[PDB]
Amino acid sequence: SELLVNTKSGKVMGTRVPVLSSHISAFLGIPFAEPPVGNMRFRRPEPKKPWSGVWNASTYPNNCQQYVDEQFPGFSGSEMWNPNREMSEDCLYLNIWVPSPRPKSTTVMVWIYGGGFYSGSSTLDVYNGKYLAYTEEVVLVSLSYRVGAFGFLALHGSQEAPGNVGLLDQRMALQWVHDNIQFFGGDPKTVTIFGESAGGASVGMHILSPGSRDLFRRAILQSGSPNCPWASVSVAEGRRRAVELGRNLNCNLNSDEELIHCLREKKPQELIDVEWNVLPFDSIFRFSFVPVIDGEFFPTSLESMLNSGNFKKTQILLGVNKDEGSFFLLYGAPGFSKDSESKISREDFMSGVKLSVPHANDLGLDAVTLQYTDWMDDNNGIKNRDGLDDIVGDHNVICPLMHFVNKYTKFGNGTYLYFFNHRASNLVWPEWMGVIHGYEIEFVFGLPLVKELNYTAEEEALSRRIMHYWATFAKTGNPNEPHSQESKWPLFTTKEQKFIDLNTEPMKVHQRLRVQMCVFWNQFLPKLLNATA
């Protein structure tokens, strides 16, 4: 009976599930931490006390408490990211997908979902590991971590609400997989962590954090870097927002201990309803509770760690999508609509810019406009629309990831960069939105292979190709075949900075991803902002 496994925590009864005219084992809801409920709220996570009897891991677990997106009711496009299980503070569980027959010492891949550190679920249809597991024969694991105030509230100095506890949950999970994935046919020495958006930043933060380095082999980052503008705040800013939440719930603000009691007596929803009120500025692509540069989990500043090489050195595979900013513009920028091509007016554009670089002074905003405005056609509604897409995209995702790539590729042991620019055939979103943030995930997980999902033959091709690169990487540290005639995915180097694009057409090798616009974001602007504040 391959559905029965004994782990250093207890026994787990899996379940045999269908996967494209075949089957594989599935262990859903394996707990790896004690319920972070009641007194535990905001505290670090403590390990799950070994359970007696046989734990039933045959159906996905509860999701963590979070904001739910109700901007476009009954619109799968947006609702596909919403929790699809009962929200609950008790949500520290993980999922395993094992091939059949159960292999031994095979490649493991742990997925870290994204969602800006404020939302997420390891049980979305798009994160079903069965396909990947089955097709490439690897033990796919999808973990979970606390999000929102519940996983990142940061009153640095306290021991009850230190912050980064969310990142800690992902660790304990990575730990558990470490001391247990073998029983499921996994090889704890060939673990590859991969996540998108906040998940990507997470992977990269584990590459930085010393207390995580020894828990995985290589790593993959999708549309998200650890040094992202939105991926973290200073202990000061975190404490401010922490107090701010309390003030928003009529809490005793005198001492940390008082504040913590108050926030612990409030119902999950009471905290969620005012979550957004703590953000310092009116803006987009910014979230309240996120990783804090504490001095522990993160030894020193991120730029300093990257510049000195103070971080796990191994092979990494990462990339971005053609239109990282469209999603966020649609939800919080003026002029945009889901029912039209959103031609943005000049007045709206200025608005949109300020909502994208909220920390920028008036001069900084001008620098941004000049940099992204065509003065030979400034009224073109289409150019302004795309302009913002690139602005939000480059500032929040591409450029940060680019900065990281380079800084990393100076101490690492191999880098593979990609440019996902394929516009799905069944996409439910408008066309101006192009290749949307986070929409490259369905291909990494092989959802196109499903015929009922109505994907074009060529898209199943791509999905299969991507899954191979990905799994192949995890297993070998290189996405290319050992010796095939297929075109190779160049290795990214400080000198040539090559990268490929991921789409249906035949591979093309490009050089210096958005190098121009990124000099602006990584050098000039910051330099300007600092000298003029």
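In case it trips you up, residue 1 is the first one in the sequence shown, and so on. Superpose the two forms; the largest set of C-alphas matching within 1.5 Å is the rigid core.
- Comparing 280 to 288 with 415 to 423 by root mean square Cα distance to the shown form in 9 other deposited structures of this protein, with the rigid core used for the fit, gives 280 to 288 as the more displaced stretch.
- Where the other entries of this protein model the residues before and after it, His483 is dropped from at least a third of them.
- Taking only CA atoms, the mean B-factor in the PDB entry is higher for 459 to 467 than for the other of 459 to 467 and 109 to 117.
- Across the two stretches, 156 to 164 and 415 to 423, the PDB entry reports the greater mean Cα temperature factor for 156 to 164.
- The PDB entry gives the largest Cα B-factor of the residues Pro229, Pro73, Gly438, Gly186 to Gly186.
- When the C-alpha B-factors of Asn406, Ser100, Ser212, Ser88 are ranked from the entry, the top spot goes to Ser100.
- Among the modelled residues of its chain, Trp51 has a C-alpha B-factor that falls in the highest third, as given in the PDB entry.
- Residue-level temperature factors show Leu491 in the middle third of its chain, judged at the C-alpha atom.
- Among the modelled residues of the chain, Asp323 sits in the lowest third by CA temperature factor in this PDB entry.
- The PDB entry assigns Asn380 a C-alpha temperature factor belonging to the highest third of its chain's modelled residues.
- Per the deposited record, the Cα B-factor of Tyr67 falls in the lowest third when ranked against the other modelled residues of its chain.
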